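Given as structure tokens, the chain that follows is alone and in the form deposited in one PDB entry.
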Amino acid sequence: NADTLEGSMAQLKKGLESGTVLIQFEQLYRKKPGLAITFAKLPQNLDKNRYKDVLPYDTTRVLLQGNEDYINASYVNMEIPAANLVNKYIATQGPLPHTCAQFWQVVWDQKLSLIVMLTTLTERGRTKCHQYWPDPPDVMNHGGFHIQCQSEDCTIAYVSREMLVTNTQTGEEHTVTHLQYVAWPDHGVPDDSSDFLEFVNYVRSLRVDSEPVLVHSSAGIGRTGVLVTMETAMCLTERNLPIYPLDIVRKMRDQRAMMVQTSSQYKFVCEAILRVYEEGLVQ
């Protein structure tokens, strides 16, 4: 629309070399002015936030059934209008010991079939996420759900697990694929860009149309934003549609604040976009 895909990529490359592109990223607002954040700060919800200042907007937050409706999680939907396509996500923080029940409730309510976890449980002494699933063959109970891990297979950059969730009240069962990317430091970039691109292609292969993919990290913003940005760009490149990563980031941030944390994360994702564009031309 504004340019060809070819043209947008020339602009991106030029902008990375110069490098105006990183400047513009830093000028972008982190939170959208004018979206209320109030439920996240209610006294009863404060201990449900892993990070005090990483909070969902009222309008896009995920609602739970009942008295305590709050979870730190956001609907993030990425539109490719020129293609009649919307990639749905739920972006959320790493569950705390006492929010595991709410996490699984969200998976259950929406019968989500894919969880993408972009963090290790700990990093140099520092807790990043609670282990909300059991080591096989142990079983785990969270808020009336029985969780078991049916399989656990490792690769160099990520672990793949099949999980069986049983509603203990009704006996109803739900299977979820759980992918944990372990080779990606908080506030940093993937250790290996090729392993990252293989992982993103794998996530795309598991996506079901009109069903959200649950993506989380520790805060649910930095690494989560990079993944969403990459999947979006991959859809655009295949469709010969122009890619403006600053606009992709802004559109994410209008749904969950602070997505893509660092200029180095942004730089990485832009370089990876150029790489997949170039490979797409070779087919």
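All residue numbers refer to positions in the sequence shown, first residue = 1.
The same protein also exists as the form deposited with a partner chain bound; that form is not shown, yet it is the one meant from here on.
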Find out whether any non-hydrogen atom of residue 58 is located within 4.5 angstroms of its partner chain in the bound PDB entry, and reply yes or no.
no
Does residue 30 make contact with its partner chain in the bound PDB entry, using a 4.5 Å heavy atom cut-off?
yes
Look up in the bound PDB entry whether residue 88 has a non-hydrogen atom within 4.5 angstroms of its partner chain, and give yes or no.
no
Any of the heavy atoms of residue 50 lying within 4.5 Å of its partner chain in the bound PDB entry?
yes
Does its partner chain, in the bound PDB entry, lie within 4.5 angstroms of each residue among 78, 230 and 251, using heavy atoms as the measure?
no
One residue of 142, 187, 130, 174 in contact with its partner chain, assessed in the bound PDB entry (non-hydrogen atom, 4.5 angstroms)
187
Pick from 236, 62, 215, 219: which residue has any heavy atom within 4.5 angstroms of its partner chain in the bound PDB entry?
219
